[PDB]
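Per full-length UniProt numbering: the sequence shown = residues 128 to 186. Below you'll find the structure, written out as structure tokens, and then a few comments.
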Amino acid sequence: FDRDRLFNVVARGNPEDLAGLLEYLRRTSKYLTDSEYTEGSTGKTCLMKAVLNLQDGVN
């Protein structure tokens, strides 16, 4: 799994594409707020990236 992998998934916007993130996260024992999944340039997370992409009125 990768950081920009999850960024590409949340940029895409399909929820079925966001599959097994919980299983992978519980297997790796790491949180989404941990430094591997932070950007680190500004601290930007995946949630803010998904909010920045609103194709329709929702994502």
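For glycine and all other residues, C-beta sits at the position ideal for the given N, C-alpha and C.
Practice prompt. Look at the Cβ atom of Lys176, then the Cβ atom of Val137, and state whether they are nearer than 8 Å.
Written response: yes
Worksheet item: Contact check, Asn180 vs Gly140 under 8 Å by CB: the rounded distance?
Response: 7 Å between Cβ atoms; contact.
Worksheet entry | CB of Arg132 within 8 Å of CB of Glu163, strictly | no
Worksheet item: Is DSSP giving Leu181 helix, strand or coil here?
Response: coil
Practice prompt. Using beta-carbon positions only, say whether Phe128 and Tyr151 come within less than 8 Å of one another.
Written response: yes
Worksheet item: Where do the ends of the alpha helix (DSSP H) carrying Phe134 lie?
Response: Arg130 to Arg139
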